[PDB]
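Dumped data01.txt below, it's compact mmCIF, C-alpha atoms:
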# COMPACT_ATOMS: atom_id res chain seq x y z
CA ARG A 1 43.43 -17.07 -31.72
CA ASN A 2 40.74 -18.38 -34.11
CA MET A 3 38.35 -15.69 -35.33
CA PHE A 4 36.41 -18.06 -37.61
CA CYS A 5 34.77 -20.49 -35.17
CA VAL A 6 31.86 -18.98 -33.22
CA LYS A 7 31.46 -20.10 -29.58
CA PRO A 8 28.39 -18.32 -28.14
CA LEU A 9 27.42 -18.79 -24.46
CA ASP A 10 29.60 -21.76 -23.60
CA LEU A 11 28.75 -22.10 -19.91
CA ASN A 12 25.59 -20.88 -18.20
CA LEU A 13 25.65 -17.15 -17.50
CA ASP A 14 21.89 -16.93 -16.88
CA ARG A 15 21.79 -16.84 -13.07
CA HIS A 16 18.49 -16.63 -11.19
CA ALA A 17 20.22 -15.54 -7.96
CA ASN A 18 20.88 -12.02 -9.30
CA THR A 19 18.69 -9.35 -10.88
CA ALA A 20 17.34 -10.23 -14.33
CA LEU A 21 18.47 -6.81 -15.58
CA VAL A 22 22.01 -7.66 -14.44
CA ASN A 23 21.82 -11.07 -16.12
CA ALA A 24 20.50 -9.63 -19.39
CA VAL A 25 23.13 -6.90 -19.43
CA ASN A 26 25.81 -9.51 -18.67
CA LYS A 27 24.74 -11.56 -21.69
CA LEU A 28 24.68 -8.32 -23.70
CA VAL A 29 28.22 -7.42 -22.63
CA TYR A 30 29.37 -10.95 -23.47
CA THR A 31 27.99 -10.51 -27.00
CA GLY A 32 29.63 -7.09 -27.21
CA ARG A 33 32.96 -8.51 -26.06
CA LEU A 34 32.63 -11.22 -28.73
CA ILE A 35 31.91 -8.80 -31.59
CA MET A 36 34.69 -6.39 -30.59
CA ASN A 37 37.11 -9.33 -30.26
CA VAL A 38 36.39 -10.72 -33.73
CA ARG A 39 36.55 -7.18 -35.16
CA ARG A 40 39.97 -6.47 -33.62
CA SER A 41 41.40 -9.86 -34.64
CA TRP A 42 40.15 -9.47 -38.22
CA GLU A 43 41.54 -5.97 -38.63
CA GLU A 44 44.94 -6.86 -37.14
CA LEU A 45 45.29 -9.90 -39.41
CA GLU A 46 44.43 -7.93 -42.54
CA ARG A 47 46.80 -5.06 -41.73
CA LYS A 48 49.62 -7.52 -41.03
CA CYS A 49 49.00 -9.22 -44.39
CA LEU A 50 48.65 -5.89 -46.20
CA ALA A 51 51.85 -4.55 -44.61
CA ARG A 52 53.93 -7.52 -45.71
CA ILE A 53 52.51 -7.53 -49.24
CA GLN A 54 53.19 -3.76 -49.36
CA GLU A 55 56.84 -4.19 -48.46
CA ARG A 56 57.10 -7.11 -50.90
CA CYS A 57 55.79 -4.79 -53.62
CA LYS A 58 58.37 -2.13 -52.69
CA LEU A 59 61.30 -4.56 -52.65
CA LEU A 60 60.19 -6.10 -55.95
CA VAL A 61 59.83 -2.75 -57.72
CA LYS A 62 63.26 -1.94 -56.31
CA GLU A 63 64.95 -5.08 -57.60
CA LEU A 64 63.31 -5.43 -61.02
CA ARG A 65 64.10 -1.85 -62.04
CA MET A 66 67.89 -2.21 -62.21
CA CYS A 67 67.70 -4.03 -65.57
CA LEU A 68 65.77 -2.19 -68.26
CA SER A 69 63.84 -4.74 -70.33
CA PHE A 70 60.36 -5.17 -71.82
CA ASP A 71 59.70 -7.99 -69.36
CA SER A 72 60.59 -5.72 -66.45
CA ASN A 73 58.40 -2.99 -67.95
CA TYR A 74 55.41 -5.32 -68.14
CA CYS A 75 55.84 -6.78 -64.66
CA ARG A 76 56.31 -3.25 -63.30
CA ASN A 77 53.12 -2.13 -65.05
CA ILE A 78 51.30 -4.98 -63.34
CA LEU A 79 52.95 -4.00 -60.07
CA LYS A 80 51.92 -0.31 -60.28
CA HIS A 81 48.48 -0.97 -58.78
CA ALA A 82 47.75 -0.21 -55.14
CA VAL A 83 47.50 -2.95 -52.51
CA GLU A 84 45.63 -1.05 -49.79
CA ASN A 85 42.38 -3.00 -50.23
CA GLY A 86 41.14 -6.54 -50.64
CA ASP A 87 39.52 -5.59 -53.94
CA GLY B 1 -26.98 -19.03 -2.96
CA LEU B 2 -23.44 -20.05 -3.92
CA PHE B 3 -23.95 -23.35 -2.10
CA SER B 4 -27.30 -24.01 -3.78
CA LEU B 5 -25.57 -24.90 -7.05
CA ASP B 6 -24.98 -28.57 -7.95
CA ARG B 7 -25.82 -29.84 -4.48
CA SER B 8 -28.34 -32.35 -3.23
CA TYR B 9 -31.44 -31.10 -1.45
CA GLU B 10 -30.39 -32.77 1.80
CA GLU B 11 -27.01 -31.04 1.49
CA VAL B 12 -28.90 -27.73 1.47
CA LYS B 13 -30.96 -29.04 4.40
CA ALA B 14 -27.70 -29.77 6.24
CA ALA B 15 -26.39 -26.31 5.32
CA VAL B 16 -29.42 -24.29 6.49
CA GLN B 17 -29.07 -25.65 10.03
CA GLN B 18 -25.54 -24.23 10.04
CA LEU B 19 -26.20 -20.91 8.32
CA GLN B 20 -29.51 -19.78 9.83
CA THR B 21 -28.09 -19.27 13.34
CA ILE B 22 -26.87 -15.69 13.82
CA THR B 23 -26.05 -14.68 17.40
CA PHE B 24 -25.09 -11.04 16.87
CA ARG B 25 -24.82 -8.92 20.05
CA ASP B 26 -26.02 -11.73 22.36
CA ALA B 27 -29.37 -12.08 20.60
CA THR B 28 -30.13 -15.02 18.33
CA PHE B 29 -31.72 -14.61 14.91
CA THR B 30 -32.89 -16.92 12.14
CA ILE B 31 -32.91 -16.67 8.35
CA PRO B 32 -36.37 -17.31 6.85
CA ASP B 33 -36.89 -19.40 3.65
CA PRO B 34 -33.54 -19.24 1.80
CA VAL B 35 -34.66 -20.14 -1.72
CA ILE B 36 -33.47 -19.56 -5.26
CA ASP B 37 -34.45 -16.40 -7.15
CA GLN B 38 -33.58 -14.69 -10.40
CA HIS B 39 -32.31 -11.65 -8.50
CA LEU B 40 -30.15 -14.07 -6.51
CA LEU B 41 -28.95 -15.41 -9.86
CA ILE B 42 -27.99 -11.84 -10.80
CA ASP B 43 -26.02 -11.44 -7.56
CA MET B 44 -24.33 -14.80 -8.12
CA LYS B 45 -23.39 -13.88 -11.69
CA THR B 46 -21.85 -10.55 -10.72
CA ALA B 47 -20.13 -12.26 -7.78
CA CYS B 48 -18.52 -14.89 -10.01
CA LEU B 49 -17.52 -12.27 -12.59
CA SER B 50 -15.93 -10.05 -9.93
CA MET B 51 -14.20 -13.07 -8.38
CA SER B 52 -12.79 -14.06 -11.79
CA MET B 53 -11.61 -10.50 -12.40
CA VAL B 54 -9.87 -10.15 -9.04
CA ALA B 55 -8.35 -13.61 -9.55
CA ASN B 56 -6.97 -12.41 -12.88
CA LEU B 57 -5.72 -9.03 -11.65
CA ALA B 58 -4.00 -10.46 -8.58
CA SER B 59 -0.24 -10.07 -8.88
CA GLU B 60 2.27 -12.60 -7.60
CA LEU B 61 3.20 -10.61 -4.49
CA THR B 62 -0.42 -10.43 -3.33
CA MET B 63 -0.71 -14.14 -4.06
CA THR B 64 2.46 -15.00 -2.15
CA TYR B 65 2.33 -12.64 0.85
CA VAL B 66 0.49 -15.22 2.97
CA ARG B 67 3.20 -17.84 2.39
CA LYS B 68 5.93 -15.22 2.83
CA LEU B 69 4.47 -14.32 6.22
CA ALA B 70 3.64 -17.89 7.24
CA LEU B 71 7.19 -19.08 6.64
CA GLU B 72 8.56 -16.81 9.39
CA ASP B 73 5.82 -15.25 11.52
CA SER B 74 3.57 -17.17 13.91
CA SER B 75 0.27 -16.13 15.47
CA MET B 76 -3.15 -17.55 16.24
CA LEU B 77 -4.88 -15.56 13.50
CA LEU B 78 -2.24 -16.63 10.97
CA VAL B 79 -2.94 -20.25 11.89
CA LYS B 80 -6.72 -19.77 11.72
CA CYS B 81 -6.47 -18.18 8.28
CA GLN B 82 -3.88 -20.66 7.00
CA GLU B 83 -5.93 -23.83 7.53
CA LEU B 84 -8.57 -22.71 5.03
CA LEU B 85 -5.89 -22.29 2.35
CA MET B 86 -4.40 -25.13 0.31
CA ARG B 87 -1.02 -26.84 0.46
CA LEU B 88 1.01 -25.71 -2.56
CA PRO B 89 14.51 -16.66 0.40
CA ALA B 90 13.75 -16.14 -3.30
CA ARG B 91 13.98 -13.00 -5.30
CA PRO B 92 10.88 -11.59 -7.00
CA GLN B 93 10.86 -12.11 -10.75
CA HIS B 94 9.61 -8.68 -11.81
CA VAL B 95 8.22 -5.81 -9.77
CA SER B 96 7.31 -2.27 -10.78
CA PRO B 97 5.71 0.57 -8.83
CA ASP B 98 3.70 2.19 -11.61
CA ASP B 99 2.22 -1.03 -12.98
CA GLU B 100 1.30 -2.37 -9.57
CA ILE B 101 -0.39 0.80 -8.35
CA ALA B 102 -2.64 0.57 -11.41
CA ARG B 103 -3.18 -3.10 -10.56
CA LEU B 104 -4.11 -2.13 -7.00
CA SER B 105 -6.51 0.60 -8.16
CA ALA B 106 -8.32 -1.78 -10.51
CA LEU B 107 -8.26 -4.42 -7.77
CA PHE B 108 -9.83 -1.95 -5.34
CA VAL B 109 -12.48 -1.29 -7.99
CA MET B 110 -13.20 -5.02 -8.25
CA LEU B 111 -13.36 -5.39 -4.47
CA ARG B 112 -15.79 -2.46 -4.40
CA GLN B 113 -17.90 -4.23 -7.04
CA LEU B 114 -17.85 -7.25 -4.75
CA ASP B 115 -18.48 -5.23 -1.57
CA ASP B 116 -21.64 -3.47 -2.81
CA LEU B 117 -23.62 -6.75 -2.78
CA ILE B 118 -23.56 -7.29 0.97
CA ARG B 119 -23.42 -3.62 1.99
CA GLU B 120 -26.93 -2.37 1.30
CA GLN B 121 -26.90 1.30 2.38
CA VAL B 122 -26.39 3.53 5.39
CA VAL B 123 -29.69 5.15 6.32
CA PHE B 124 -29.22 5.97 10.00
CA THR B 125 -26.15 7.19 11.90
CA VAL B 126 -26.85 7.01 15.62
CA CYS B 127 -25.53 9.69 17.98
CA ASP B 128 -27.20 8.85 21.31
CA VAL B 129 -29.54 6.02 22.23
CA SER B 130 -32.06 6.07 25.00
CA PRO B 131 -30.69 4.21 28.06
CA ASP B 132 -33.55 1.69 27.96
CA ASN B 133 -32.51 0.85 24.35
CA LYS B 134 -35.96 1.81 23.08
CA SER B 135 -35.10 5.00 21.18
CA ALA B 136 -32.19 6.87 19.65
CA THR B 137 -31.29 9.97 17.68
CA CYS B 138 -29.83 9.86 14.20
CA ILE B 139 -28.59 11.89 11.25
CA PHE B 140 -28.34 11.32 7.46
CA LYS B 141 -31.85 10.91 6.18
Show me this structure written as structure tokens.
Amino acid sequence: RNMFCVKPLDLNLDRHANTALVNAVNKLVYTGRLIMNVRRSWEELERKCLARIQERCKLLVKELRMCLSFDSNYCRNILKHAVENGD
Amino acid sequence: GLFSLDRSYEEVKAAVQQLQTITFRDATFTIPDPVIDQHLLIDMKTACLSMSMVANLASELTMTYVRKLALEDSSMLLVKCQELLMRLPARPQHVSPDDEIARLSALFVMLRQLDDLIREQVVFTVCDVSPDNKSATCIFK
């Protein structure tokens, strides 16, 4: 839900009643679950944003092109650039 | 020798009446003139060094086996060896076969370096004694 706030090791997962190898690998798999979760949330948010700005670019270059004018030429020439990347 | 250090002279005089009496094989024996000597200082120094080394190389399982047996088992010898110890189901923190066999080999080496002080040498191995206990036969000379 919120990929920006980091919440590491909220309750105690270090348990002396089990093997220390099992406890260390459980903390490791918690950290791995955290990094894969923030990776998946970040990539899904950026592809949703990039998809909607892509279709906005397509609908705009559709609608501006019906009237030939210098203004439409200039705004089209701005709008020619790709929107696949954050840069 | 180990009791001669930092003790009053009358404490040694109260110790020699305890330690001189040896009654091995139903025949009493006495220890003559237990005094201090520089050779005895050498034996005490190597004894304290070997004791420090075996205290350092002792793992936790060797240190805790007596309590782990005394919590459940019960015998007369366990009681008689427990009263000379001090006062103070859990999983072991870290065990390893290959580390602890090296620990046990070095610990056997340190116990050998402690054992050689009291064990002088074998010089006679008796096969058959005379039945009046006045003679015997032996090997290993």
Exercise: stretch 33-40 of chain A partners within 12 Å, all atoms listed in the file, chain neighbours under 5 positions left out, as a PDB file with C-alpha atoms, in the coordinates of the input:
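Okay, this is what ended up in part-v3.pdb:
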ATOM      1  CA  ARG A   1      43.430 -17.070 -31.720  1.00  0.00           C
ATOM      2  CA  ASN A   2      40.740 -18.380 -34.110  1.00  0.00           C
ATOM      3  CA  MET A   3      38.350 -15.690 -35.330  1.00  0.00           C
ATOM      4  CA  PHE A   4      36.410 -18.060 -37.610  1.00  0.00           C
ATOM      5  CA  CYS A   5      34.770 -20.490 -35.170  1.00  0.00           C
ATOM      6  CA  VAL A   6      31.860 -18.980 -33.220  1.00  0.00           C
ATOM      7  CA  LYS A   7      31.460 -20.100 -29.580  1.00  0.00           C
ATOM      8  CA  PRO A   8      28.390 -18.320 -28.140  1.00  0.00           C
ATOM      9  CA  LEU A   9      27.420 -18.790 -24.460  1.00  0.00           C
ATOM     10  CA  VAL A  25      23.130  -6.900 -19.430  1.00  0.00           C
ATOM     11  CA  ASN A  26      25.810  -9.510 -18.670  1.00  0.00           C
ATOM     12  CA  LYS A  27      24.740 -11.560 -21.690  1.00  0.00           C
ATOM     13  CA  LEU A  28      24.680  -8.320 -23.700  1.00  0.00           C
ATOM     14  CA  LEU A  45      45.290  -9.900 -39.410  1.00  0.00           C
ATOM     15  CA  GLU A  46      44.430  -7.930 -42.540  1.00  0.00           C
ATOM     16  CA  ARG A  47      46.800  -5.060 -41.730  1.00  0.00           C
TER      17      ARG A  47
END
Query raised in the report: Leaving out residue B:62 and any residue of its chain fewer than 4 positions from it, which residues lie within 12 Å of it when counting all atoms listed in the file, given as a list in words?
Result: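 Counting only the stated atoms, we get residues 54, 55, 56, 57, 58, 66, 67, 68, 69, 92, 95, 100, 103, 104 and 107 of chain B.
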Report task. Give me, as a list in words, the contact residues of chain B against chain A at a cut-off of 12 Å, counting all atoms listed in the file. Result ->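 So the residues of chain B near chain A are residues 89, 90, 91, 92, 93, 94 and 95 of chain B.
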Query raised in the report: Which distance in Å separates atom CA of residue B:4 and atom CA of residue B:45, to one decimal?
Result: 13.4 Å
Could you work out an axis-aligned bounding box for all listed atoms of stretch 71-76 of chain B, with 3 Å added on each of the six sides, and give its centre and edge lengths in Å to one decimal, as JSON?
{"center_x": 2.7, "center_y": -17.2, "center_z": 11.4, "size_x": 17.7, "size_y": 9.8, "size_z": 15.6}
Query - Distance of atom CA of residue A:61 from atom CA of residue A:80, expressed in Å to one decimal place - result: 8.7 Å
Query - Test item: residues at most 10 Å from stretch 9-17 of chain B, only C-alpha atoms, excluding those fewer than 2 positions along its chain, as a ChimeraX atom specification - result: /B:1,3-7,19-21,30-34
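Taking atom CA of residue A:76 as the reference point, atom CA of residue A:59 is found at 11.8 Å.
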